[PDB]
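The next block holds one structure in the form of structure tokens; read it before the comments.
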Amino acid sequence: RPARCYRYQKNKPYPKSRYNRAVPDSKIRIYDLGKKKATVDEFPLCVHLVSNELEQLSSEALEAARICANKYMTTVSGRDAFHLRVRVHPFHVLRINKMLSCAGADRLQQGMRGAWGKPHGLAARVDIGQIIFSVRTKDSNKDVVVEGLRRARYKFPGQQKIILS
RNA sequence: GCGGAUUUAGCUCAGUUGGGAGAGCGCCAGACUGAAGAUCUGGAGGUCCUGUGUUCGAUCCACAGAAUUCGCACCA
RNA sequence: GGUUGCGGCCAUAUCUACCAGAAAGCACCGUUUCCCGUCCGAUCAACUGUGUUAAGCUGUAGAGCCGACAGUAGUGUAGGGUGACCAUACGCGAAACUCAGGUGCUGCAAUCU
RNA sequence: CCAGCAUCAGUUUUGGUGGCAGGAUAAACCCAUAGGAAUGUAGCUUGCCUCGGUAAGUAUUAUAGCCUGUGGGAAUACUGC
RNA sequence: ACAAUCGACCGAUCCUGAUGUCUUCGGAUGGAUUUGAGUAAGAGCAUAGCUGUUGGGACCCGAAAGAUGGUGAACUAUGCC
RNA sequence: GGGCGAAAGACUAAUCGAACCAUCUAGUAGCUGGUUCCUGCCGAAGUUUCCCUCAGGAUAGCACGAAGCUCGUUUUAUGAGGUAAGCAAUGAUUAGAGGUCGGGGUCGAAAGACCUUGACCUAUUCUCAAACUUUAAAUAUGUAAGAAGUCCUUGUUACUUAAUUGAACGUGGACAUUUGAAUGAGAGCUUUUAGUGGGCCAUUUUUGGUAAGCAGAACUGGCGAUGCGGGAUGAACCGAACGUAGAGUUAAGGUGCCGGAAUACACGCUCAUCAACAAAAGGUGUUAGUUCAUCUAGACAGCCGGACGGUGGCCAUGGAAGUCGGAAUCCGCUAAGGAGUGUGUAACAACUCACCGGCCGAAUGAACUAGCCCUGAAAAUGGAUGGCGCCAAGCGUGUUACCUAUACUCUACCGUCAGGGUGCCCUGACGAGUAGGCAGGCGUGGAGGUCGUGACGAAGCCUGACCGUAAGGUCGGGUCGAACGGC
RNA sequence: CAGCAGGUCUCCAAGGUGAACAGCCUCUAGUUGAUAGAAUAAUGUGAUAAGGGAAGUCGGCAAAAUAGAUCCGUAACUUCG
RNA sequence: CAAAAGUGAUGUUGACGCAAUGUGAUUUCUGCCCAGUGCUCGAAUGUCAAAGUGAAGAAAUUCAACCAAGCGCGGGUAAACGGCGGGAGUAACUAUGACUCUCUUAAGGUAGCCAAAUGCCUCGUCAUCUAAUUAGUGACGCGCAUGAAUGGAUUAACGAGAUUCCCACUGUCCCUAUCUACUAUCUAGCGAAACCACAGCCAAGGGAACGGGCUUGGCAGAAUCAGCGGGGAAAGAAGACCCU
RNA sequence: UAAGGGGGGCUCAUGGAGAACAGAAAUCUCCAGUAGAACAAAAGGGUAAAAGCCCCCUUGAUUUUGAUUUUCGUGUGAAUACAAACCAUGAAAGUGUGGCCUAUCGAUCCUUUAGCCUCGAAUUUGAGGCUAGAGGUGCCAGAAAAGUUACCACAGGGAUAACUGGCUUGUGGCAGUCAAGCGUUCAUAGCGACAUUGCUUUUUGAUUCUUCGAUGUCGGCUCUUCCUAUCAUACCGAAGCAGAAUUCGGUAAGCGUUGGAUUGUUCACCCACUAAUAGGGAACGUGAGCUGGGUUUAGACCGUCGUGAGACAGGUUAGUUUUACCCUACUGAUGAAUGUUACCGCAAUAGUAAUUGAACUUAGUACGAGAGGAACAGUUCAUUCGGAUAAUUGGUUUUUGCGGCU
């Protein structure tokens with residue numbers, strides 16, 4: 001499984017706190033970054049990395065894009081004039097099959113029967129309209145996140161359409 | 001389908017159809033010895049399986065239950 | 001002209017600020033041997049005192065609540081295209097957003113005018 | 001005896017060519033006249049620089065857009081012959 | 001047991017529109033009520049014959065296997081001298 | 001099941017873990033295989049309640065066979081999503097700030113006092129959920145009712161009922177008529193003698209691995225039991241229905257050529273043989289539209305200069321020098337040089353210039369949007385991304401001509417049955433086909449019958465003619481030396 | 001089963017060479033089978049040889065050293081055979 | 001131990017023996033256990049098979065239902081089968097646990113030996129050998145899980161049985177050649193064998209799924225004999241895996 | 001057995017506000033709020049008119065029934081008016097066959113008992129058919145009670161598997177590359193946080209799609225192909241490289257690509273050289289050419305597990321390679337077609353051959369601190385292959401001659 005094979009979803013929803021026999025740990029370090037304070041305060045300009053598609057942005061790549069852009073935005077300042085968000089969470093626990101095997105095995109591990117994707121990963125859904133990487137950035141001079149949206153969509157499956165918001 | 005043994009102080013058990021119970025090992029504290037052992041003293045530790053009766057009086061006798069243990073018969 | 005009851009009936013029938021009326025009719029004021037009840041006067045009781053009370057109404061817009069014109073997504077029966085989607089036959093077409101609006105409806109019973 | 005297929009003479013059904021017309025309509029292959037708005041080409045004159053051209057006047061050489069008024073043209077979707 | 005009384009149902013009765021025939025009888029259909037009555041309402045038995053099947057030479061074919069009675073120590077395991 | 005063992009069930013007529021021969025015996029096989037005329041009428045199903053039940057079968061779903069009869073198109077409503085859309089409620093987290101108490105710091109013997117980073121609330125700012133839903137379609141569907149004729153008054157009797165409700169009869173009114181002839185089904189119910197009881201694929205959505213054909217639930221078409229055309233090869237798709245034939249007209253789709261039909265017409269980017277997969281990420285091929293900086297107020301390029309005085313401006317620092325970091329932000333000479341575009345030495349030492357100067361004299365350049373191109377792209381038998389090969393014989397947009405399904409379509413003919421009236425004729429609707437049933441037709445051995453034919457030549461052998469519904473039988477020739485059919 | 005490369009009790013004992021009954025070789029004494037000729041590939045069936053001395057192959061498998069008579073000379077340790 | 005029973009083997013053997021089982025000559029020796037189970041032995045003491053209530057007169061007859069053993073309980077015995085511990089603390093100094101405490105059970109092992117026909121961990125750890133050498137041979141301790149009678153241990157002779165070093169050496173190979181016997185080639189005679197798919201190119205393409213056989217394209221003539229092991233998959237039996 | 005019926009009375013959990021007390025509070029209270037508390041046991045669900053709180057007395061855990069309907073094919077089950085039976089409660093109205101909606105068990109066979117309708121001259125009685133109850137048949141719709149199974153026989157089965165081919169690339173490899181970091185300054189001499197997109201089919205497997213009248217294994221010998229994801233040979237360019245040592249990239253598949261030791265063995269792991277010792281697929285040519293060490297049964301033993309016969313995802317000892325290629329691939333040799341034809345040359349075409357090092361010698365020159373020692377010539381030969389190969393080599397030569405023993 002590369003993130004080529006963490007693209008779409010015939011994995012249907014499954015995400016509540018009541019009905020769950022415990023989720024694994026995530027990678028996710030921080031949501032809002034640069035400014036914590038200013039959402040639309042200092043920043044009347046935004047770029048949204050709006051999805052064309054209805055994909056699962058897996059928690060693997062979710063931290064990846066965000067941490068590349070974290071390390072990058074220290075040169076300009078470690079709290080420069082941007083506001084890189086994480087939005088929609090891994091609420092849904094990503095079900096992934098295997099260890100599997102029909103005959104000739106330890107106990108037999110099935111696949112077909114034993115259809116339950118035995119909980120391995122975590123993934124967020126980033127459907128149409130939705131974004132994770134909302135970048136509220138400054139009006140004049142230092143806009144830095146247009147560049148840092150190549151670095152956002154790279155660590156993301158799919159072909160996201162860049163919309164000025 | 002029908003009968004026998006056992007239940008007592010923590011643990012090991014002594015011992016009993018009416019005047020109402022007994023010692024070791026252990027536990028503690030003080031003597032004692034050059035010290036540990038040994039042993040006395042003092043502290044104690046149970047209403048003798050349990051519910052309810054009989055009697056002047058009950059561990060003890062009665063009706064009935066809990067529970068460990070043991071045997072024959074079953075239909076063939 | 002009014003007062004009281006029975007409602008049917010639930011969120012356009014909901015709440016606050018604040019005013020105002022008294023014996024046709026209503027409600028507070030105040031207290032108890034003995035029945036009757038207890039923790040306690042919650043059964044029962046004169047002339048009078050009085051709007052405290054509660055049902056009700058006026059004054060009132062602060063809020064529940066509410067609305068054109070207009071703008072618009074999906075889509076059966078089908079019919080045209082695309083990798084992670086987009087666009088059409090043909091029949092209908094919202095919230096969001098707004099000119100603006102707003103103090104119920106209806107039937108029945110008793111009594112005075 | 002059905003199908004293919006049959007002398008010789010006359011006729012139907014269905015569609016088109018070509019010639020012509022009605023419903024109903026007037027643009028045209030291309031159609032008059034008067035007044036006002038416009039502005040293209042040829043020829044002449046004048047001015048200025050330069051050897052190659054350009055600007056202004058030219059209704060007084062010749063001709064037009066678009067509108068208004070008056071007057072006159074006008075064969076065809078459909079449908080039939 | 002009589003019978004009273006209810007039921008599948010037969011037969012009667014009543015009504016709608018068309019309706020032969022008339023202000024009088026007669027024919028048929030659909031639905032419903034009322035009312036009278038009978039049969040285990042199955043209202044004959046026998047027979048040539050047919051059907052699918054239980055059974056019957058049992059559609060044709062492919063096995064491992066039991067009980068009973070014979071014959072083999074001619075070869076061969078063992079015995080003895 | 002005994003004989004026998006130092007063991008290996010070695011051994012016993014090639015058979016020994018129970019000798020061999022014969023009989024009962026054709027033991028039996030819940031499993032598998034094989035299995036004999038034709039046409040016509042006509043023809044499904046792979047689904048289920050349920051089982052010590054599973055390659056089966058009682059029952060049910062669906063059409064067998066036979067007799068007697070059986071729609072809807074759509075109008076009025078009534079019941080049910082929460083798709084839609086959302087964060088009220090509940091669920092999971094991102095933001096500003098406000099601020100009790102708590103926590104930290106400091107002065108204090110513990111005790112006491114002074115400050116301050118984190119709270120609900122709440123205002124402002126912003127994320128968001130299969131067991132989370134305030135509001136709540138078109139469109140399909142149920143259930144009831146209607147388009148296709150029933151409503152209402154008065155009086156009496158019996159039940160219910162001691163009131164009253166509900167119904168039928170008596171009785172009045174509302175509610176259509178002339179003329180001629182006569183009754184339609186595309187759906188219900190009953191019942192004898194079979195079959196299925198194991199299927200495939202395409203479209204679409206769900207739970208679910210969108211890594212995979214993992215695996216399950218809903219809904220729909222064709223095949224199963226279907227002609228023919230299209231597609232190089234391929235049941236499902238497209239067009240679509242078939243008994244039997246030639247015409248009349250055209251679908252789905254084709255016309256440079258193998259192989260029939262334009263080397264056509266008009267306009268156009270592009271000519272790479274594009275046509276023939278592919279993202280991040282990127283480009284002076286090449287064209288168009290829109291907006292704007294910019295322009296005789298001298299756009300822009302090349303070539304050519306002034307590289308100035310204050311001055312090493314100031315300050316990071318060991319040193320900082322325009323040339324480290326950071327701020328002031330000028331004066332100068334007021335037709336230009338900023339307190340600076342790029343290079344260079346630790347650095348000076350050295351060098352170049354946007355800013356800007358001087359020649360020249362017209363449309364140039366940034367964005368923004370669209371199209372053709374173009375870069376990213378590796379594997380083993382002989383073209384291998386077409387055979388010949390095509391630069392238009394590619395492709396878009398607009399047009400025209402030619403070709404095109406047993407369907408479409410003309411008319412006749414073949415199959416059973418109905419009605420009118422026998423003898424049967426008119427004539428409706430349909431006719432691809434496997435199980436299966438019924439009907440009809442051809443069939444052997446044999447026979448009650450048996451006459452007829454025969455030795456002047458019977459069956460047979462062999463060979464020819466040889467009707468037409470698929471089934472197989474009459475006549476005729478060469479020849480036989482006794483058998484066999486009218487009815 | 002066989003006109004089959006077979007099973008099959010069991011008798012007799014010369015010369016010289018080598019213990020005997022190995023081998024060697026003649027007697028008394030016997031005999032070459034129910035098809036044949038000529039050449040004599042590839043390939044399967046026999047021996048020889050330079051140089052090397054284990055280097056090769058599952059594989060000292062295969063193949064090599066040596067050998068008699070008579071005399072000399074010779075190892076641990078014993079259940080002391 | 002055979003046989004239905006008669007009748008015998010065992011056996012005219014007899015404990016100096018007969019037989020089932022365990023076993024193996026030689027030579028030095030043999031520590032310890034009664035929970036669980038069998039065999040054998042023993043008597044203090046507990047249980048299991050032979051009643052009698054009811055019908056003759058308007059309500060007043062008759063006969064069918066407890067006692068013994070093994071067992072319970074107690075005693076003998078392991079050449080019949082079986083059994084032989086955990087947690088915690090502790091010595092100069094890296095480093096270790098003599099000894100001690102505590103829990104648990106019926107109660108916790110000697111003489112002698114070790115990395116196995118048995119070792120997860122392990123190219124463990126060390127010496128010597130080898131062009132590399134883990135074998136040869138030298139030990140290490142880090143025993144997943146050694147231990148005295150269906151026996152440890154002393155210890156000579158013998159083998160178509162099992163490894164290595166060492167000496168001479170070897171067609172096995174390097175390295176193949178040459179010559180020879182017999183046949184193949186070729187011929188005569190008589191005369192087999194199980195044995196009967198229309199058919200017999202390759203590259204690309206579709207596909208009952210790896211085609212000479214089907215779609216296109218390239219290629220493909222016949223009379224005849226000797227050769228050689230690649231496919232089709234020969235000669236054949238209803239597969240060896242695998243499930244009913 | 002009240003943890004039921006009926007009457008009568010009441011509205012919370014909880015918070016704020018403190019009160020001597022207080023420990024949150026105990027008890028209480030003013031003030032505010034109202035189905036969020038309470039629910040056998042789970043989840044949903046009902047509910048203030050109370051299904052919650054509070055107090056007393058009652059015994060319906062009820063007889064005899066059922067119109068009209070639920071409704072499964074069935075077995076089997078529910079709603080169920082209404083009337084009588086009929087006791088104690090209430091002023092009466094009043095509503096229920098014990099229950100807030102909301103899982104909670106056993107037949108035929110049987111067993112034994114109570115209630116009491118049908119019988120052999122015939123007075124009794126034997127024998128036999130409603131109903132209700134005993135009894136962990138949990139699969140809730142139910143036969144005392146345990147099995148290895150390999151000497152081996154027979155009939156069937158991808159109804160079912162080892163495993164093959166297909167598919168994806170799961171598990172993952174490679175590259176582009178987002179490029180912040182860090183290497184002396186310094187995103188890319190080099191090193192690369194964090195990882196992803198396309199390709200791909202190698203680590204390593206997901207899947208019963210396609211297969212039981214055969215789908216026989218591994219390392220090597222031998223001989224029959226094609227490609228380059230490139231070790232070496234031809235040709236080129238660049239560096240943070242002084243010549244030269246060192247470091248990196250492009251054009252391009254004709255040819256060359258070792259010898260031994262550890263280990264079954266490529267892997268694992270070491271050595272001696274040599275100019276030096278590559279990558280990938282192809283039924284890895286590959287058991288009717290070949291070995292049968294690696295690799296599907298059968299003597300016997302140990303460890304480990306089970307009452308045991310015996311077993312094991314653990315090891316050890318012996319234990320079947322038969323035969324003549326039908327058709328084709330295919331390598332040699334002959335026979336016949338535009339008169340004929342002994343004899344041989346065009347090249348429209350088919351098959352083929354292949355490599356490297358050292359030495360003489362270039363040169364002691366280029367260039368350098370020092371070790372060192374480049375461009376480029378002419379000349380010769382040694383490993384190795386094929387064809388040619390018969391003399392100076394090495395050997396064989398049964399043909400024809402020579403030595404010894406019975």
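In the structure tokens, chains take letters A, B, ... by order of appearance, with residues numbered from 1 within each chain and ligands from 1 in the order shown.
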Chain A contacts on chain F, only C-alpha atoms (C1' of nucleotides), 9 Å, as a PyMOL selection string: chain F and resi 91-96+125-131+207-211+214-215+280
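On the backbone of this structure, DSSP gives strand (DSSP E or B) within chain A to residues 33, 34, 45, 46, 47, 48, 49, 50, 55, 56, 57, 58, 83, 84, 101, 110, 123, 124, 125, 126, 134, 135, 136, 137, 161, 162, 163 and 164 of chain A.
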For the residues in that selection, give me N, CA, C and O atoms as a short mmCIF file (atom, residue, chain, number, x, y, z; two decimals), in the first residue's frame.
```cif
data_model
loop_
_atom_site.label_atom_id
_atom_site.label_comp_id
_atom_site.auth_asym_id
_atom_site.auth_seq_id
_atom_site.Cartn_x
_atom_site.Cartn_y
_atom_site.Cartn_z
N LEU A 33 -0.88 26.28 12.38
CA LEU A 33 0.55 26.40 12.37
C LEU A 33 0.92 27.70 11.72
O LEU A 33 0.28 28.13 10.76
N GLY A 34 1.97 28.36 12.24
CA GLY A 34 2.40 29.67 11.80
C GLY A 34 1.82 30.64 12.75
O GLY A 34 2.41 30.96 13.78
N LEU A 45 -6.61 36.98 2.63
CA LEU A 45 -6.29 36.20 1.46
C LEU A 45 -6.20 34.78 1.94
O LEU A 45 -5.78 34.52 3.07
N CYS A 46 -6.63 33.81 1.10
CA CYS A 46 -6.48 32.41 1.38
C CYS A 46 -6.29 31.73 0.06
O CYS A 46 -6.64 32.27 -0.99
N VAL A 47 -5.75 30.50 0.09
CA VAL A 47 -5.85 29.57 -1.01
C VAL A 47 -6.39 28.33 -0.36
O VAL A 47 -5.94 27.92 0.70
N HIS A 48 -7.41 27.71 -0.99
CA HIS A 48 -7.91 26.42 -0.59
C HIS A 48 -7.44 25.46 -1.64
O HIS A 48 -7.42 25.78 -2.83
N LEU A 49 -7.03 24.25 -1.20
CA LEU A 49 -6.58 23.19 -2.05
C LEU A 49 -7.76 22.26 -2.20
O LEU A 49 -7.82 21.20 -1.58
N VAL A 50 -8.77 22.70 -2.99
CA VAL A 50 -10.10 22.12 -3.05
C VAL A 50 -10.05 20.86 -3.86
O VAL A 50 -9.49 20.84 -4.95
N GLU A 55 -11.76 11.44 -1.97
CA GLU A 55 -10.70 10.56 -1.55
C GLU A 55 -10.62 10.50 -0.06
O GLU A 55 -11.15 11.35 0.67
N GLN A 56 -9.88 9.48 0.43
CA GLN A 56 -9.41 9.40 1.78
C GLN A 56 -7.99 9.88 1.79
O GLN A 56 -7.10 9.23 1.24
N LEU A 57 -7.72 11.02 2.45
CA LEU A 57 -6.36 11.46 2.69
C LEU A 57 -5.90 10.75 3.94
O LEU A 57 -6.29 11.10 5.05
N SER A 58 -5.07 9.69 3.76
CA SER A 58 -4.61 8.83 4.82
C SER A 58 -3.73 9.60 5.78
O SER A 58 -3.09 10.57 5.40
N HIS A 83 -1.08 30.63 7.96
CA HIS A 83 -1.92 29.94 8.90
C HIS A 83 -2.31 28.67 8.19
O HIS A 83 -3.35 28.60 7.55
N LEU A 84 -1.43 27.64 8.29
CA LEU A 84 -1.62 26.34 7.66
C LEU A 84 -2.39 25.49 8.62
O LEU A 84 -1.93 25.24 9.73
N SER A 101 -5.05 -15.56 4.39
CA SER A 101 -4.57 -16.76 3.72
C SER A 101 -5.67 -17.76 3.92
O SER A 101 -6.17 -17.90 5.03
N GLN A 110 -8.47 -16.88 6.42
CA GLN A 110 -9.55 -16.55 5.51
C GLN A 110 -9.31 -15.24 4.79
O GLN A 110 -8.16 -14.84 4.61
N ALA A 123 -7.49 7.09 8.62
CA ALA A 123 -7.56 7.93 7.45
C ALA A 123 -8.64 8.94 7.66
O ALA A 123 -9.64 8.67 8.32
N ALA A 124 -8.44 10.15 7.09
CA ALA A 124 -9.44 11.20 7.04
C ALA A 124 -10.10 11.09 5.71
O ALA A 124 -9.54 10.49 4.79
N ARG A 125 -11.31 11.67 5.56
CA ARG A 125 -11.99 11.77 4.30
C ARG A 125 -11.89 13.22 3.92
O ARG A 125 -12.06 14.09 4.78
N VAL A 126 -11.53 13.51 2.65
CA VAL A 126 -11.39 14.87 2.17
C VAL A 126 -12.12 14.87 0.87
O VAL A 126 -11.55 14.67 -0.20
N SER A 134 -5.97 24.37 4.44
CA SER A 134 -6.45 25.72 4.25
C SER A 134 -5.33 26.62 4.69
O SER A 134 -4.80 26.46 5.79
N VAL A 135 -4.92 27.57 3.82
CA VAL A 135 -3.77 28.42 4.08
C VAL A 135 -4.19 29.86 3.99
O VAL A 135 -4.13 30.50 2.93
N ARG A 136 -4.61 30.44 5.14
CA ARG A 136 -4.93 31.85 5.26
C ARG A 136 -3.62 32.61 5.40
O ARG A 136 -2.88 32.43 6.36
N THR A 137 -3.29 33.45 4.39
CA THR A 137 -1.98 34.04 4.25
C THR A 137 -2.20 35.50 3.93
O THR A 137 -3.34 35.96 3.81
N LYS A 161 -7.76 21.06 -7.25
CA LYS A 161 -7.94 22.30 -7.96
C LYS A 161 -7.71 23.44 -6.98
O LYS A 161 -8.36 23.52 -5.94
N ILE A 162 -6.75 24.35 -7.28
CA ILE A 162 -6.42 25.44 -6.39
C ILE A 162 -7.36 26.61 -6.62
O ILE A 162 -7.49 27.13 -7.73
N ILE A 163 -8.08 27.01 -5.55
CA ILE A 163 -9.11 28.03 -5.59
C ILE A 163 -8.67 29.10 -4.62
O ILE A 163 -8.22 28.81 -3.52
N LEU A 164 -8.80 30.39 -5.02
CA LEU A 164 -8.47 31.52 -4.18
C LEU A 164 -9.70 31.86 -3.36
O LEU A 164 -10.77 32.09 -3.91
#
```
Select residues of chain C: the criterion is any atom within 12 Å of an atom of chain A, counting only C-alpha atoms (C1' of nucleotides); output as a PDB file with C-alpha atoms (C1' of nucleotides), in the first residue's frame.
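Here's the written file selection_8.pdb:
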```pdb
ATOM      1  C1'   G C  83      -8.569   7.889 -14.540  1.00  0.00           C
ATOM      2  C1'   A C  84      -9.192   9.946  -9.587  1.00  0.00           C
ATOM      3  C1'   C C  85     -15.404  12.975 -12.379  1.00  0.00           C
ATOM      4  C1'   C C  86     -18.592  16.132 -15.436  1.00  0.00           C
TER       5        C C  86
END
```
Report as a PDB file with C-alpha atoms (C1' of nucleotides), in the first residue's frame all protein, DNA and RNA residues lying within 12 Å of residue 18 of chain E, evaluated on only C-alpha atoms (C1' of nucleotides), omitting residues in the same chain fewer than 4 positions from it.
```
ATOM      1  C1'   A E  28     -82.738 -15.522 -20.850  1.00  0.00           C
ATOM      2  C1'   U E  29     -78.643 -13.277 -17.884  1.00  0.00           C
TER       3        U E  29
ATOM      4  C1'   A F 181     -79.247  -4.574 -33.605  1.00  0.00           C
ATOM      5  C1'   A F 182     -77.080  -7.438 -29.865  1.00  0.00           C
ATOM      6  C1'   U F 183     -72.477  -8.609 -26.056  1.00  0.00           C
TER       7        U F 183
END
```
Residue contacts of segment 43-46 of chain C (10 Å, only C-alpha atoms (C1' of nucleotides)) excluding same-chain residues fewer than 5 positions away, as a PDB file with C-alpha atoms (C1' of nucleotides), in the first residue's frame:
```
ATOM      1  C1'   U C  31     -57.817  31.694  63.245  1.00  0.00           C
ATOM      2  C1'   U C  32     -59.607  27.070  65.852  1.00  0.00           C
ATOM      3  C1'   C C  35     -65.158  15.257  64.033  1.00  0.00           C
ATOM      4  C1'   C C  36     -61.329  14.310  60.615  1.00  0.00           C
ATOM      5  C1'   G C  37     -55.886  14.195  59.296  1.00  0.00           C
TER       6        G C  37
END
```
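For the atom pair formed by atom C1' of residue 12 of chain E and atom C1' of residue 69 of chain F, the distance is 25.5 Å, given to one decimal.
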